[PDB]
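Q: Structure in structure tokens, see below.
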Amino acid sequence: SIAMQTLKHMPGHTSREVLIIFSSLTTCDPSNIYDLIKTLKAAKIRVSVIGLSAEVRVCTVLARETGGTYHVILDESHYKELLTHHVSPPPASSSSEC
Amino acid sequence: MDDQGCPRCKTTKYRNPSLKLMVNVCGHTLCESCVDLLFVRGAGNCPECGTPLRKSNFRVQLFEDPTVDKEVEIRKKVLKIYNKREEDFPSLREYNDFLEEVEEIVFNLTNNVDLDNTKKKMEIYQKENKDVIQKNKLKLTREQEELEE
Amino acid sequence: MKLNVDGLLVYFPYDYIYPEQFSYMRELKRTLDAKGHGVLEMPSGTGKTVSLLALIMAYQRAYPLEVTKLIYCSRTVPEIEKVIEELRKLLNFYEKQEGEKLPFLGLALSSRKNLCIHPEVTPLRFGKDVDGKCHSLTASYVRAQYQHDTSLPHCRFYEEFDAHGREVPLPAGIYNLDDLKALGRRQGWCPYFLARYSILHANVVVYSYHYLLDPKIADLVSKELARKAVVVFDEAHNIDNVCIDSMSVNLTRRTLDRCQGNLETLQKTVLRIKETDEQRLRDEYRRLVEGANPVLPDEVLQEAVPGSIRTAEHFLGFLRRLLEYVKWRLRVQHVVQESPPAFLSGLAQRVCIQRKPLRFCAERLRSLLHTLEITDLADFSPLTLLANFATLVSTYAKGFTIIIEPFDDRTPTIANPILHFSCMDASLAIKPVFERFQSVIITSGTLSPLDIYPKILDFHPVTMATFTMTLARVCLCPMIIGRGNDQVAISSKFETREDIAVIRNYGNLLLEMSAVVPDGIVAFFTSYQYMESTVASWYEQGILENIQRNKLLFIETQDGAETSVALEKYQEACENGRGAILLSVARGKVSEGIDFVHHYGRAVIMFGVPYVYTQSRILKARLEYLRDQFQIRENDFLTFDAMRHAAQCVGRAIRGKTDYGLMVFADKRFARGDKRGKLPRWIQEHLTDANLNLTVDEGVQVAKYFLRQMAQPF
Amino acid sequence: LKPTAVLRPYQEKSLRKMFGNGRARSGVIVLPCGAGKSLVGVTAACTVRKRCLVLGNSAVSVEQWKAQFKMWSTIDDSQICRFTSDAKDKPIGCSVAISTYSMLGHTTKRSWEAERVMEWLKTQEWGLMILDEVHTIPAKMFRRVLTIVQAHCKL
Amino acid sequence: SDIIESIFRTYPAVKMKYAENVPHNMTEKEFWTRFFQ
Amino acid sequence: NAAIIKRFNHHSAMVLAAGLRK
Amino acid sequence: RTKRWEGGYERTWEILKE
Ligand code: SF4
Ligand SMILES: [Zn+2]
Ligand SMILES: [Zn+2]
Numbered sequence: 150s151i152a153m154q155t156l157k158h159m160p161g162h163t164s165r166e167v168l169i170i171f172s173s174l175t176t177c178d179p180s181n182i183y184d185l186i187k188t189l190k191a192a193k194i195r196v197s198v199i200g201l202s203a204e205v206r207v208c209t210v211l212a213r214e215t216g217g218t219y220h221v222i223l224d225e226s227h228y229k230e231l232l233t234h235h236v237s238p239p240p241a242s243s244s245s246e247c
Numbered sequence: 001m002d003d004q005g006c007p008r009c010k011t012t013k014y015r016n017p018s019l020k021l022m023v024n025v026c027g028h029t030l031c032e033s034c035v036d037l038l039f040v041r042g043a044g045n046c047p048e049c050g051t052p053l054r055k056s057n058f059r060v061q062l063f064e065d066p067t068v069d070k071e072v073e074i075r076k077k078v079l080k081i082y083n084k085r086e087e088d089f090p091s092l093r094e095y096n097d098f099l100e101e102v103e104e105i106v107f108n109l110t111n112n113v114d115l116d117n118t119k120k121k122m123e124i125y126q127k128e129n130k131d132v133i134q135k136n137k138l139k140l141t142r143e144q145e146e147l148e149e
Numbered sequence: 001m002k003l004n005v006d007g008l009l010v011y012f013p014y015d016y017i018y019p020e021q022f023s024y025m026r027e028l029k030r031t032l033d034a035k036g037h038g039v040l041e042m043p044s045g046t047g048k049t050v051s052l053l054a055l056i057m058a059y060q061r062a063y064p065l066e067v068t069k070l071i072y073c074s075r076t077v078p079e080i081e082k083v084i085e086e087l088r089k090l091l092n093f094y095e096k097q098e099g100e101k102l103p104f105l106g107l108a109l110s111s112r113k114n115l116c117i118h119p120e121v122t123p124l125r126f127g128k129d130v131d132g133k134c135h136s137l138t139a140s141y142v143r144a145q146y147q148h149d150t151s152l153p154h155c156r157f158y159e160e161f162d163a164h165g166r167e168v169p170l171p172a173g174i175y176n177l178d179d180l181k182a183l184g185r186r187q188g189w190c191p192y193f194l195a196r197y198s199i200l201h202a203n204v205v206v207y208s209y210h211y212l213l214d215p216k217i218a219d220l221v222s223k224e225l226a227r228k229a230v231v232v233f234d235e236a237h238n239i240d241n242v243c244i245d246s247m248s249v250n251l252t253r254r255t256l257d258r259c260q261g262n263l264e265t266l267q268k269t270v271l272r273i274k275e276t277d278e279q280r281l282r283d284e285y286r287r288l289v290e291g306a307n308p309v310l311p312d313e314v315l316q317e318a319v320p321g322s323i324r325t326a327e328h329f330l331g332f333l334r335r336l337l338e339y340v341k342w343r344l345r346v347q348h349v350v351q352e353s354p355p356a357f358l359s360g361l362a363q364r365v366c367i368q369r370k371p372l373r374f375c376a377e378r379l380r381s382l383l384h385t386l387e388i389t390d391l392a393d394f395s396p397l398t399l400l401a402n403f404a405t406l407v408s409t410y411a412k413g414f415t416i417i418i419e420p421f422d423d424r425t426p427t428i429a430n431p432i433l434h435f436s437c438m439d440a441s442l443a444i445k446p447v448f449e450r451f452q453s454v455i456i457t458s459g460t461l462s463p464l465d466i467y468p469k470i471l472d473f474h475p476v477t478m479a480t481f482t483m484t485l486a487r488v489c490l491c492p493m494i495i496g497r498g499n500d501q502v503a504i505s506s507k508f509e510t511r512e513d514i515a516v517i518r519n520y521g522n523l524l525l526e527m528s529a530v531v532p533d534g535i536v537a538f539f540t541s542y543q544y545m546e547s548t549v550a551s552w553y554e555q556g557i558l559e560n561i562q563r564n565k566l567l568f569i570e571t572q573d574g575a576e577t578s579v580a581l582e583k584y585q586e587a588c589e590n591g592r593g594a595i596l597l598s599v600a601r602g603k604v605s606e607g608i609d610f611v612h613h614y615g616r617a618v619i620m621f622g623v624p625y626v627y628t629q630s631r632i633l634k635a636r637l638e639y640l641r642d643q644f645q646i647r648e649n650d651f652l653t654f655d656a657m658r659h660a661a662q663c664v665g666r667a668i669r670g671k672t673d674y675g676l677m678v679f680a681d682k683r684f685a686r687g688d689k690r691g692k693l694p695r696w697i698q699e700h701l702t703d704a705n706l707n708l709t710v711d712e713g714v715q716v717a718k719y720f721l722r723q724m725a726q727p728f
Numbered sequence: 310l311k312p313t314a315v316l317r318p319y320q321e322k323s324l325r326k327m328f329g330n331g332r333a334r335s336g337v338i339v340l341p342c343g344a345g346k347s348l349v350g351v352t353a354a355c356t357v358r359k360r361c362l363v364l365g366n367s368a369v370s371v372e373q374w375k376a377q378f379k380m381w382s383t384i385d386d387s388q389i390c391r392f393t394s395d396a397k398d399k400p401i402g403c404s405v406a407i408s409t410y411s412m413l414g415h416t417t418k419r420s421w422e423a424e425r426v427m428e429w430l431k432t433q434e435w436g437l438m439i440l441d442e443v444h445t446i447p448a449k450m451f452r453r454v455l456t457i458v459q460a461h462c463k464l
Numbered sequence: 190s191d192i193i194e195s196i197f198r199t200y201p202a203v204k205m206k207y208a209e210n211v212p213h214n215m216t217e218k219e220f221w222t223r224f225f226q
Numbered sequence: 300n301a302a303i304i305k306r307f308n309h310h311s312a313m314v315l316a317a318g319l320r321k
Numbered sequence: 007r008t009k010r011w012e013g014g015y016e017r018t019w020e021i022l023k024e
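Residue numbers (the UniProt record's numbering), protein chains in the order written: chain A, 150 to 247; chain B, 1 to 149; chain C, 1 to 291, 306 to 728; chain D, 310 to 464; chain E, 190 to 226; chain F, 300 to 321; chain G, 7 to 24.
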């Protein structure tokens, strides 16, 4: 939400994105994340989660529903590889406009 | 134990299950606290019903239903009659035919007078005492021992 | 996807299936080929289900003259609802593969509680209430009153079904309960009675085990027409306990009090009848003298003349005599005693009630109750139970015992004595299924060694094969923790079970595991007392606070509503970032009812070997009978039931969709050579010395590694 | 040994080496004070399961041993006695005895009361004789204790 | 402060009780004790 | 004794209900 | 219930082979 309150005012031509480095699988929340997820899809904010030693449900749905990807650190090389992969520009979705 | 008790002394029954109710021909719940008064006057007369008792006629029973008490007492007596075994009858109806009137007699005797019942019992006793009662007594006592064993 | 099965090429919908499915199908085929029953085990639900349906359908299409119908039974309606949808999917594929429709019909049956559409009973939610009203709505007097066309609330769906629904049988298709209700609504026909009728013109029928174990419902569905049909159990690992439980009956102080109130209601009804007219009811007396439904099986029940009970007064008197004797025998203050023959002999000696008339107690009761035009059986139920018990105990007791307990169960002592007619064998009770049907297949998961079953149930297994999951990755990871990090044995010995260190080791283990395991985790305890004691000990310590702080925690109770809400909140907590922990008793109803899936019970913790209190009279009677009659050792069967129940509660973590799960056992007992052999083959083969005697720390480390290895795609 | 007692690998090794078979082997075990030498001694007694005598170099040690025995073993306080001039527990009344080299090894005249216990100690045979801080044992007086007390195995 | 505030924000009973029984001429640690005692 | 479980589960229930805005 | 030491020494070195 703090990111969305910032990225919502961004122009439409720019790819709005968020990279989440998730460490502790438990995370407190003041409201149902599904509404926020639906809002992220509507806000066209690409969200991709990277989980460290955790395969979380909310991160799974958040990524795949938003179109982003959720990955988990297999080892240091996997972590290096995943961040290196995220450096690539995002491939345009059929829902994305120029 | 759960029931209140005798129409007069309905208090010790709640205290313990060791005290048991007594049954009588009158089908009336009685116990020592009440029974002691029945000996000082009348010497064997039901308190509310007034019916006389030939002797003490007290027996231990643990049933709250006085109808069952009477019915069991009546049952036990009637079982001495009509109790011939199944081999006596070839037809399926006969196996339970007499049991119908027997159960009617037993049930009706709990409420109605035994005038016709005793007459019928006597009229059949005159016939059944000859052979079938003699034979069924053996078979009944034998099968009763088999039930015990 | 054509499968080169041993007997024939089998069409299958999915382009890819795992190797073990071919084995399971070609192995199961042996039961068909050999024309005989058998037993086998397979972890996956959906895989074994779809492969079973494909195999049996192809076999039925190949040999319709040999097998007329397929009877499938599963744990519960929610599972049955999914299975029948999988059959529809298979039929949709088959129709697409064939390119044309075929004369095939399959349907799922259910009780009137769910399978009903009448507006007057729709607001009712208790099964006995819906059944009682439905019975009343369908009753001959209501039907007659309906035929009189007087103002009457009647089941139009029944009248239209009896008139038209009976006249035209449904041609083909698959009808799920929700679809069957909609169909019934659209057609204006009773779904229950329509489904029951459709059994006469259907190839596949689906219902739970009690629809086959309880003779009243089972007889109507297991008619002699199915003399050459196949019956299959998919998850009846506890078929013995369910069968015995379905045969066992419990009587109590309040039950007798309700029976007495019912008896007074019957008397008032008899008076109302006698003051109105009894001669019309004596039309039944003719057929009775000539000579809900009883739980007595086909070979035990007979239409023999009821004996001396020839009138309502005789029956009511006979019932009074028995009720007084039962109350007397129940209210007796003494130690718990078993009187299998002595109760009946005592009944004959104490109140002179012979077994012969008593045998017809339920038969006469239903006849009398029917002629009495009673409102509904819902309130009379205790009296019907007493009458059922009375005829049952008087008919046969070879596989039963009478137990008298001065107090209610689940309590140390209460002034509410109870009596049990505890059953003790499944073989004689299930005997009609194996005797009538040409083949019986005992399929299940978490199934303890198969060779015990031919002892508890009389069967000659054609198949004795235990299958194990075949996958590119080890989707399941069983592990046994035998030692605490405090260098102490973690065994749940009866004297050691209460040890604060073992309790602390479980709390530390759960604290660490709940912190490292993502989403939903579940832990099973041996009993509520130990669970509460454990939780209380963890509450006195920081353990419970650290756990709750790390992740939300929920605990199950005997209350279905509270546990349902807690479980829904636990699941909803797992959906959100909060996550949740569920603590439950292995024997609890929630464990036998809940299904674990990805992120919903991702890891299952078992604290100790689940052994029931060995002083319980039920266990005593059951265990001694198995040793006396079936010769199974006390510790052998007691361990088998503990191993089975543990695997059942713990193995549910794997159900389908190829989702990973963890199974950690916190007791070195499970690692013992015998316990390992009693453990199911798929668990036993995935289990290994590296994870056979892990320390609490080692378990957390191996779990964390396994989770990292499972998160990537296959 | 009550399950509250935790045994470390080095402790287990030393005990396994001392109990190489069903017969206890006599000898010396060297363990730091922080390594729980007291627990090993208590464990050895629990292993031997026979009447044993513990001797400390000081009354403070005797107190420490009593606490450790109660702390680690199922034995009750009455079953343990601290045969000492400063304190009395009626040693003859119980099986486990605790004392010091200064008391048993005493070269001068014994008090009449202490003589009663000592004669009982002399006549009884000790299954296990635990000696703490044995570096003092080679002393001319302390070594006499080994000739005074009759013990099957001495640790 | 966070102890009472987290409880007050989380539980309805404390939320209502603290609004009506707000600390006056007393120490907040007493209110904490009244809850956990 | 059961109140501890009831309260702990009420707490987790209220934390979840608080985490669900109307 | 006998203790773990009744069996014998650990002989850890015997696991090595050439
Ligand atoms: S007759 Fe049919 S619609 Fe009416 S109550 Fe029974 S099941 Fe429901
Ligand atoms: Zn009278
Ligand atoms: Zn009186």
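Cβ coordinates follow ideal geometry from the N, Cα and C atoms, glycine included.
Between C:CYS243 and ligand 3, is there a pair consisting of the residue's CB and a ligand heavy atom that are separated by less than 7 Å?
A: Checking every heavy atom of ligand 3 against the Cβ of C:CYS243, none is found closer than 7 Å.
Q: Report the residue ranges of all alpha helix (DSSP H) runs contained in full by the segment 419–447 of chain D; include only those spanning at least 4 residues, in chain order.
A: As far as the segment 419–447 of chain D is concerned, its whole alpha helix (DSSP H) runs of at least 4 residues are 421–432.
Q: Based on Cα-Cα distance, which residue from C:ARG254, C:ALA362, C:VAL221 lies nearest to B:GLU148?
A: Out of C:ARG254, C:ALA362, C:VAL221, C:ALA362 has the C-alpha closest to the C-alpha of B:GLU148.
Q: Under three-state DSSP, which class holds C:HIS118?
A: Three-state DSSP puts C:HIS118 in coil, outside helix and strand.
Q: Would you mind telling me which residues of chain C sit closer than 8 Å to B:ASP88, beta carbon to beta carbon, in chain order?
A: Per Cβ cutoff of 8 Å: no residues; B:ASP88 is ~16 Å from chain C at best.
Q: I want to check one thing, is the minimum distance from the CB of C:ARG112 to the heavy atoms of ligand 1 below 7 Å?
A: Result yes, Cβ under 7 Å from ligand 1.
Q: Taking A:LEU168 as the reference, give the member of A:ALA241, A:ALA191, A:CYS208, A:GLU225 with the closest Cα.
A: With distances taken between Cα atoms, A:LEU168 lies closest to A:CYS208.
Q: Can you tell me whether B:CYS26 sits near ligand 2, meaning its C-beta is under 7 Å from at least one heavy atom of the ligand?
A: Yes; taking the cut-off as 7 Å, the Cβ of B:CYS26 has a heavy atom of ligand 2 nearer than that.
Q: How about C:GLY591: is its C-beta nearer than 8 Å to some C-beta of chain A?
A: Taking Cβ atoms only, chain A reaches closer than 8 Å to C:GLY591, which makes this a yes.
Q: Could you give the DSSP three-state label for C:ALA202: helix, strand or coil?
A: DSSP places C:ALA202 in coil when its eight states are reduced to three.
Q: Can you say whether B:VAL113 is buried or exposed, counting buried as having 16 or more other CB atoms within 10 angstroms of its CB?
A: So B:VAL113 counts as exposed.
Q: Could you tell me whether the Cβ of F:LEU315 comes closer than 8 Å to any Cβ of chain A?
A: With 8 Å as the cut-off, F:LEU315 does not count as an interface residue toward chain A.
Q: Please list the residues of the segment 177–189 of chain A that have a C-beta atom closer than 9 Å to any C-beta atom in chain I, keeping them in chain order.
A: Here the protein chains are A, B, C, D, E, F and G, and chain I is not one of them.
Q: Does the beta carbon of C:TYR192 fall short of 7 Å from some heavy atom of ligand 1?
A: Result yes, Cβ under 7 Å from ligand 1.
Q: Let me know if C:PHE621 comes out buried or exposed under the rule of 16 or more other beta-carbons within 10 Å of its beta-carbon.
A: Answer is buried; the Cβ neighbour count reaches 16.
Q: Determine the burial state of C:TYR175: buried for a count of at least 16 other Cβ atoms within 10 Å of its Cβ, exposed for fewer.
A: Answer is buried; the Cβ neighbour count reaches 16.
Q: What is the C-beta distance between C:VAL309 and C:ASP439, in whole angstroms, given that I count them as a contact (C-beta under 8 Å)?
A: Incorrect: roughly 15 Å between the Cβ atoms, too far for contact.
Q: Examine chain D for any beta-carbon lying closer than 8 Å to the beta-carbon of C:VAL121, and answer yes or no.
A: Judged by the 8 Å Cβ criterion, C:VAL121 is not in contact with chain D.
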